[PDB]
Amino acid sequence: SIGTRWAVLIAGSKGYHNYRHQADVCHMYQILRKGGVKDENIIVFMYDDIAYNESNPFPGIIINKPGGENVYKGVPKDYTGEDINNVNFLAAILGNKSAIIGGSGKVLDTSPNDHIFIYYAXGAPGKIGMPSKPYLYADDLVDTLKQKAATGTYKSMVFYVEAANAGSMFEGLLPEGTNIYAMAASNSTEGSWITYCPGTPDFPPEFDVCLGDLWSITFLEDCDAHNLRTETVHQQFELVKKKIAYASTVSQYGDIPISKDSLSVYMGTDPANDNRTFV
Ligand SMILES: *[C@@H]1O[C@H](CO[C@@H]2O[C@@H](C)[C@@H](O)[C@@H](O)[C@@H]2O)[C@@H](O)[C@H](O)[C@H]1NC(C)=O
Ligand SMILES: *[C@@H]1O[C@H](CO)[C@@H](O)[C@H](O)[C@H]1NC(C)=O
Ligand SMILES: *[C@@H]1O[C@H](CO)[C@@H](O)[C@H](O)[C@H]1NC(C)=O
């Protein structure tokens with residue numbers, strides 16, 4: 001069978017100054033929606049304190065680029081507030097609705113021919129953030145991926161991580177023979193760069209916070225610019241790695257042959273870009 005495309009999108013932070021992590025994740029949702037991925041198969045973890053924040057100059061709107069579209073519109077709210085935590089994130093990956101404690105109960109209850117795309121935005125050596133402690137440590141995330149692999153409930157999985165030291169979540173830990181490929185904004189010893197901040201030329205005067213993260217907006221704007229049936233994960237890896245080489249080293253881990261897949265295997269493609277063949 002062709003299977004179904006599923007995704008987990010998670011912004012691991014809270015607070016209006018962290019606008020960018022929720023904007024990054026809402027942008028990824030818009031790409032999946034335009035690609036034909038269904039809401040029932042997209043699990044969203046976002047604190048939800050940005051859109052109607054008294055500090056937002058545009059209530060109900062979240063943008064991930066100056067003059068960009070409203071990426072908040074229609075985004076599902078599976079886990080918001082303090083329901084974003086290691087217990088719910090790991091149970092959602094595993095697909096066990098009986099292990100969720102608070103939230104909508106939407107989980108990756110996948111079948112062997114399904115594809116999974118996971119995107120996290122919001123890091124330190126060996127761990128990534130949750131809105132409140134405890135943070136998510138490398139071993140606990142990788143052990144959850146090993147449990148998922150042992151169930152055999154997926155064809156292949158692609159995991160994208162936007163965080164400082166992102167590569168430390170997988171380096172020397174992520175198995176290479178279980179059809180899981182991971183791409184990280186930075187390697188184990190590097191920080192990550194924020195972008196679309198106030199001060200840069202032609203920036204809107206209403207904002208006092210950064211609208212995105214450099215690696216995230218580089219791969220997200222690439223997804224928006226091409227027919228994703230003509231671009232592989234490997235082609236995106238090479239393009240984004242070269243594009244932000246001055247800021248961080250884009251790194252890959254796990255089952256590298258999985259990146260031979262076209263991005264559309266995970267994300268679909270927007271018909272508006274059908275003529276935009278990748279070169
Ligand atoms: C799915 O999860 C069920 C419930 O797990 C129990 O409750 C959660 C909240 C944790 O406290 C966990 O440690 C408990 O065991 C399990 O009973 C069930 O076996 C799981 N199903 C599968 C197929 O793994
Ligand atoms: C708005 O953002 C501030 C950050 O200063 C946060 O403390 C507050 O809880 C947020 N409020 C709402 C209603 O989202
Ligand atoms: C991580 O990137 C730095 C450059 O920022 C490089 O010097 C270092 O060798 C890299 N580490 C690994 C394990 O590749």
Side-chain angles (χ1 to χ4, degrees), residues 7-34 37 39 42-86 88-89 92-93 102-104 106 117-124 127-133 135-136 159-164 166 169 184-186 191-198 203-204 206-221 223-224 267:
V8 181
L9 306 178
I10 171 164
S13 60
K14 66 179 178 183
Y16 185 75
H17 75 277
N18 288 317
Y19 183 113
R20 66 194 179 274
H21 303 139
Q22 292 177 66
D24 291 338
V25 155
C26 289
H27 190 167
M28 190 60 228
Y29 170 72
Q30 297 305 333
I31 287 162
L32 299 175
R33 176 191 54 84
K34 286 181 271 188
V37 184
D39 285 352
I42 304 166
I43 300 94
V44 179
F45 292 77
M46 66 180 181
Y47 208 86
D48 204 24
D49 55 347
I50 303 300
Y52 305 100
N53 200 274
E54 303 75 9
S55 295
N56 187 355
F58 300 107
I61 296 162
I62 298 185
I63 67 176
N64 196 36
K65 173 170 186 44
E69 69 166 13
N70 180 13
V71 298
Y72 183 71
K73 195 175 169 208
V75 182
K77 298 175 187 196
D78 292 297
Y79 303 89
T80 67
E82 296 296 330
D83 293 327
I84 299 167
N85 54 54
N86 297 339
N88 289 339
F89 179 49
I93 292 174
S104 76
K106 195 191 293 156
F117 175 72
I118 301 177
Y119 171 43
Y120 174 95
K127 67 191 179 183
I128 58 182
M130 286 287 163
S132 295
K133 279 191 282 180
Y135 272 22
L136 182 60
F159 204 140
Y160 273 25
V161 181
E162 169 75 67
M169 298 297 291
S186 53
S192 281
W193 276 46
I194 61 184
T195 203
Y196 295 150
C197 297
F203 190 80
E206 295 97 345
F207 289 100
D208 68 342
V209 294
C210 303
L211 306 177
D213 289 275
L214 185 65
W215 178 69
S216 293
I217 67 87
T218 303
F219 92 77
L220 297 159
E221 297 169 11
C223 292
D224 289 330
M267 304 179 181

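Sequential numbering from 1 along the given sequence is applied to the chain's residues.
Taking every heavy atom of both residues into account, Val71 and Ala23 meet most closely at CG2-O, 3.8 Å. Pairing each heavy atom of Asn18 with each of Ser13, the nearest pair is CB-OG, 3.5 Å. Annotation for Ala185 and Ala166: closest pair N-CB, 4.2 Å, computed over non-hydrogen atoms. Between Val25 and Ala11 the shortest heavy-atom distance is CG2-N, 3.8 Å. Between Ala163 and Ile128 the shortest heavy-atom distance is CB-CG2, 3.9 Å. Across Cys210 and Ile194, no two heavy atoms sit closer than the pair SG-CD1, 3.7 Å.
The aromatic ring centres of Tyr160 and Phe117 sit less than 6.0 Å apart. A ring-centre distance under 6.0 Å is found for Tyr119 and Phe219.
Annotation: the span from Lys73 atom NZ to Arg33 atom CZ amounts to 8.0 Å, rounded to 0.5 Å. Separating the CG atom in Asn88 from the CG atom in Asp83 is a distance of 6.0 Å, to the nearest 0.5 Å. We find the CG-CE distance between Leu9 and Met28 to be 6.5 Å, quoted to the nearest 0.5 Å. Separation of atoms CG (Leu214) and SG (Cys197) is listed at 10.0 Å; rounding is to 0.5 Å. With rounding to the nearest 0.5 Å, the separation of CD in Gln22 from CD1 in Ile10 is 11.0 Å. Separating the CG atom in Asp49 from the OH atom in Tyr19 is a distance of 12.0 Å, to the nearest 0.5 Å.
Residues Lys65 and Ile217 are not in side-chain contact: their nearest non-hydrogen atoms beyond the backbone lie 4.5 Å or more apart. Annotation: side chain of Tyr120 is not in contact with side chain of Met169 (no heavy-atom distance under 4.5 Å). Side-chain atoms of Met267 and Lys34, non-hydrogen and from C-beta on, never get closer than 4.5 Å to each other. Annotation: side chain of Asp224 is in contact with side chain of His27 (closest heavy-atom distance under 4.5 Å). Taking 4.5 Å as the limit, some side-chain heavy atom of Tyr72 sits within range of a side-chain heavy atom of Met46. The shortest distance between side-chain heavy atoms of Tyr16 and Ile50 falls below 4.5 Å. Within the 4.5 Å cutoff, side-chain heavy atoms of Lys14 are placed close to those of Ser132. Considering only heavy atoms from C-beta on, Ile43 comes within 4.5 Å of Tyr79 through its side chain.
Between the side chain of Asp78 and the backbone N or O of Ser104, no donor-acceptor pair lies under 3.5 Å.
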(request) Please report the C-alpha distance between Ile84 and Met130 in whole Å, then the side-chain angles of each, then the deciding distance to 0.1 Å, and finally whether the side-chain contact (heavy atoms from CB on, under 4.5 Å) criterion is met. (result) CA-CA 7 Å; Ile84 299 167; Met130 286 287 163; 4.0 Å; yes
(request) Walk me through it: do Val75 and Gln30 pass the test side-chain contact (heavy atoms from CB on, under 4.5 Å)? (result) CA-CA 8 Å; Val75 182; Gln30 297 305 333; 4.0 Å; yes
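Contacts of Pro204 classified as side chain to side chain contact (heavy atoms under 4.5 Å, CB included), with partners at least two apart in sequence or in another chain: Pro66, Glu206, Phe207.
Within the structure, salt bridge (charged side-chain N to carboxylate O under 4.0 Å, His left out) contacts touching residues 15-27 (residues at least two apart or in different chains) are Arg20-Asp213.
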